[PDB]
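The next block holds one structure in the form of C-alpha coordinates; read it before the comments.
Letters are used for the chains, namely A, B, C, D, E and F, taken in the order the chains are written, and counting of residues starts over at 1 for each.
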Amino acid sequence: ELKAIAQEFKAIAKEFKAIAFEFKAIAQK
Amino acid sequence: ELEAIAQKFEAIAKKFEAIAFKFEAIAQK
Amino acid sequence: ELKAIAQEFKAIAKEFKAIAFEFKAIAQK
Amino acid sequence: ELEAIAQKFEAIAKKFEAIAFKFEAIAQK
Amino acid sequence: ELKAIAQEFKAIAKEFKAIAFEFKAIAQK
Amino acid sequence: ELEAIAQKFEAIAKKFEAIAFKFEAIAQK
(Lines give C-alpha, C1' and ligand atoms only; values in the text may rest on other atoms or scores of the structure.)
Protein backbone atom coordinates (compact mmCIF):
# COMPACT_ATOMS: atom_id res chain seq x y z
CA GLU A 1 0.00 0.00 0.00
CA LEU A 2 2.78 2.44 0.93
CA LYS A 3 4.62 2.00 -2.37
CA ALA A 4 1.30 2.29 -4.22
CA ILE A 5 0.60 5.56 -2.41
CA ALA A 6 4.05 6.73 -3.50
CA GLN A 7 3.23 5.90 -7.13
CA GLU A 8 -0.02 7.89 -7.01
CA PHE A 9 1.76 10.97 -5.63
CA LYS A 10 4.20 10.69 -8.54
CA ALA A 11 1.29 10.54 -10.99
CA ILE A 12 -0.33 13.47 -9.16
CA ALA A 13 2.90 15.44 -9.54
CA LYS A 14 2.79 14.79 -13.29
CA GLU A 15 -0.80 16.04 -13.64
CA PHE A 16 0.23 19.30 -11.95
CA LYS A 17 3.14 19.72 -14.37
CA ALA A 18 0.73 19.26 -17.28
CA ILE A 19 -1.60 21.78 -15.63
CA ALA A 20 1.30 24.22 -15.39
CA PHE A 21 1.90 23.66 -19.09
CA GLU A 22 -1.69 24.57 -19.94
CA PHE A 23 -1.49 27.78 -17.91
CA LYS A 24 1.71 28.67 -19.77
CA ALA A 25 -0.12 28.17 -23.08
CA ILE A 26 -2.84 30.52 -21.82
CA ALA A 27 -0.09 33.02 -20.96
CA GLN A 28 0.77 33.07 -24.68
CA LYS A 29 -2.67 34.07 -25.45
CA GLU B 1 -6.75 24.99 -22.28
CA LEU B 2 -9.37 25.64 -19.61
CA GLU B 3 -11.22 22.42 -20.45
CA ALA B 4 -7.91 20.53 -20.36
CA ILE B 5 -7.17 22.12 -16.97
CA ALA B 6 -10.57 20.97 -15.67
CA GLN B 7 -10.01 17.45 -17.03
CA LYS B 8 -6.67 17.13 -15.24
CA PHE B 9 -8.09 18.50 -11.97
CA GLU B 10 -10.71 15.74 -12.20
CA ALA B 11 -7.97 13.19 -12.87
CA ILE B 12 -6.09 14.56 -9.85
CA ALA B 13 -9.28 14.22 -7.81
CA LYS B 14 -9.53 10.55 -8.80
CA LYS B 15 -5.92 9.94 -7.73
CA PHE B 16 -6.42 11.50 -4.29
CA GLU B 17 -9.46 9.25 -3.89
CA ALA B 18 -7.24 6.30 -4.85
CA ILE B 19 -4.73 7.39 -2.21
CA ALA B 20 -7.56 7.64 0.33
CA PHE B 21 -8.61 4.03 -0.17
CA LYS B 22 -5.01 2.93 0.25
CA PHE B 23 -4.81 4.66 3.64
CA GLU B 24 -8.08 2.99 4.62
CA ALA B 25 -6.47 -0.34 3.72
CA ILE B 26 -3.45 0.38 5.95
CA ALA B 27 -5.82 1.54 8.70
CA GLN B 28 -7.68 -1.77 8.45
CA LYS B 29 -4.38 -3.27 9.03
CA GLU C 1 -5.38 9.05 12.29
CA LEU C 2 -5.00 6.95 9.13
CA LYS C 3 -8.73 6.83 8.45
CA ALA C 4 -8.96 10.56 9.18
CA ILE C 5 -6.19 11.20 6.65
CA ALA C 6 -8.20 9.13 4.17
CA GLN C 7 -11.28 11.29 4.79
CA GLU C 8 -9.33 14.51 4.17
CA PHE C 9 -7.99 13.22 0.85
CA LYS C 10 -11.58 12.45 -0.16
CA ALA C 11 -12.61 16.00 0.75
CA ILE C 12 -9.56 17.31 -1.12
CA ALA C 13 -10.63 15.31 -4.17
CA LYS C 14 -14.05 16.97 -4.00
CA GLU C 15 -12.59 20.49 -3.87
CA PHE C 16 -10.62 19.74 -7.04
CA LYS C 17 -13.79 18.54 -8.80
CA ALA C 18 -15.50 21.79 -7.84
CA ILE C 19 -12.44 23.68 -9.10
CA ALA C 20 -12.70 21.79 -12.39
CA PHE C 21 -16.34 22.87 -12.54
CA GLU C 22 -15.41 26.53 -12.17
CA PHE C 23 -12.82 26.29 -14.95
CA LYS C 24 -15.49 24.71 -17.18
CA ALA C 25 -17.79 27.66 -16.45
CA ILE C 26 -14.96 30.00 -17.45
CA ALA C 27 -14.61 27.98 -20.66
CA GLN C 28 -18.20 29.01 -21.49
CA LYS C 29 -17.23 32.54 -21.24
CA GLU D 1 -15.33 31.99 -10.97
CA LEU D 2 -11.78 33.12 -10.28
CA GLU D 3 -12.66 34.18 -6.73
CA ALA D 4 -14.42 30.85 -6.20
CA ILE D 5 -11.31 29.08 -7.52
CA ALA D 6 -9.14 31.01 -5.05
CA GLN D 7 -11.52 30.21 -2.19
CA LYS D 8 -11.36 26.48 -2.89
CA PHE D 9 -7.56 26.52 -3.23
CA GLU D 10 -7.48 28.07 0.24
CA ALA D 11 -9.86 25.38 1.50
CA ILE D 12 -7.58 22.77 -0.09
CA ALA D 13 -4.62 24.40 1.66
CA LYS D 14 -6.40 24.07 5.00
CA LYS D 15 -7.06 20.37 4.37
CA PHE D 16 -3.42 19.61 3.53
CA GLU D 17 -2.49 21.36 6.78
CA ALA D 18 -5.02 19.13 8.57
CA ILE D 19 -3.40 16.09 6.96
CA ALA D 20 0.02 17.35 8.08
CA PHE D 21 -1.00 17.47 11.73
CA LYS D 22 -2.36 13.95 11.47
CA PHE D 23 1.00 12.68 10.21
CA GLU D 24 2.70 14.51 13.08
CA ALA D 25 0.36 12.66 15.44
CA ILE D 26 1.31 9.28 13.94
CA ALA D 27 4.98 10.30 14.08
CA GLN D 28 4.58 11.08 17.79
CA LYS D 29 3.37 7.62 18.02
CA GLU E 1 10.01 10.32 7.43
CA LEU E 2 6.51 10.90 8.84
CA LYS E 3 7.36 14.32 10.25
CA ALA E 4 9.13 15.20 6.99
CA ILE E 5 5.99 14.23 5.07
CA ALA E 6 4.04 16.51 7.41
CA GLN E 7 6.40 19.40 6.63
CA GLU E 8 5.97 18.94 2.87
CA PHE E 9 2.17 19.00 3.16
CA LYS E 10 2.51 22.28 5.07
CA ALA E 11 4.69 23.69 2.29
CA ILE E 12 2.20 22.36 -0.27
CA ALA E 13 -0.60 24.14 1.60
CA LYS E 14 1.37 27.39 1.34
CA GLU E 15 1.87 27.07 -2.43
CA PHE E 16 -1.90 26.69 -2.84
CA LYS E 17 -2.51 29.84 -0.78
CA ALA E 18 -0.10 31.73 -3.03
CA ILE E 19 -1.90 30.25 -6.05
CA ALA E 20 -5.19 31.50 -4.62
CA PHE E 21 -3.59 34.92 -4.29
CA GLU E 22 -2.62 34.97 -7.96
CA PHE E 23 -6.15 34.03 -9.04
CA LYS E 24 -7.47 36.87 -6.87
CA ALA E 25 -5.11 39.28 -8.65
CA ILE E 26 -6.47 38.01 -11.97
CA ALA E 27 -9.98 38.67 -10.63
CA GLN E 28 -8.99 42.35 -10.36
CA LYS E 29 -8.18 42.39 -13.94
CA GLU F 1 -0.10 35.85 -12.88
CA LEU F 2 -0.59 32.85 -15.15
CA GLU F 3 3.16 32.22 -15.36
CA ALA F 4 3.40 32.53 -11.58
CA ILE F 5 0.52 30.05 -11.26
CA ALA F 6 2.35 27.60 -13.53
CA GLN F 7 5.59 28.05 -11.57
CA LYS F 8 3.88 27.22 -8.27
CA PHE F 9 2.08 24.20 -9.75
CA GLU F 10 5.53 22.93 -10.79
CA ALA F 11 6.83 23.61 -7.28
CA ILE F 12 3.82 21.72 -5.90
CA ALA F 13 4.62 18.86 -8.29
CA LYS F 14 8.16 18.70 -6.92
CA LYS F 15 6.85 18.54 -3.34
CA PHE F 16 4.47 15.66 -4.09
CA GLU F 17 7.42 13.84 -5.64
CA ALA F 18 9.38 14.52 -2.44
CA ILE F 19 6.49 13.08 -0.43
CA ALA F 20 6.47 10.03 -2.71
CA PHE F 21 10.10 9.22 -2.01
CA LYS F 22 9.44 9.51 1.71
CA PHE F 23 6.66 6.93 1.49
CA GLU F 24 9.00 4.66 -0.47
CA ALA F 25 11.49 5.01 2.39
CA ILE F 26 8.87 3.99 4.96
CA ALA F 27 7.81 1.12 2.69
CA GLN F 28 11.43 -0.07 2.57
CA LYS F 29 11.16 -0.10 6.23
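The rule we apply is simple: a residue touches a chain if its C-beta (ideal position, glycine included) is under 8 Å from a C-beta of that chain, and two chains touch if they have at least 3 such contacts.
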{"item": "Between B-C and C-D, the pair joined by more C-beta contacts", "value": "B-C"}
{"item": "A-B, B-C or C-D - pair sharing over half of the D-E contact pairs", "value": "B-C"}
{"item": "Rounded Å distance, chain A centre to chain F centre (Cα mean)", "value": "9"}
{"item": "Chain centre separation in whole Å, for chain C relative to chain A (CA means)", "value": "15"}
{"item": "Chain B and chain E: spacing of chain centres that average the CA atoms, whole Å", "value": "18"}
{"item": "Interface hub residues of chain C, defined as touching at least two other chains", "value": "2, 5, 9, 12, 16, 19, 23, 26"}
{"item": "Per-residue multi-chain contacts in chain F, two or more chains", "value": "2, 5, 9, 12, 16, 19, 23, 26"}
{"item": "Going round from chain E, first to chain F: chain order", "value": "E, F, A, B, C, D"}
{"item": "In the complex with chain A, residue positions of chain F that touch it", "value": "2-3, 5-7, 9-10, 12-14, 16-17, 19-21, 23-24, 26-27"}
{"item": "Sites on chain F touched by chain E in the complex", "value": "1-2, 4-5, 8-9, 11-12, 15-16, 18-19, 22-23, 25-26"}
{"item": "Touching residues on chain C, where the partner in the complex is chain D", "value": "1-2, 4-5, 8-9, 11-12, 15-16, 18-19, 22-23, 25-26"}
{"item": "Sites on chain C touched by chain B in the complex", "value": "2-3, 5-7, 9-10, 12-14, 16-17, 19-21, 23-24, 26-27"}
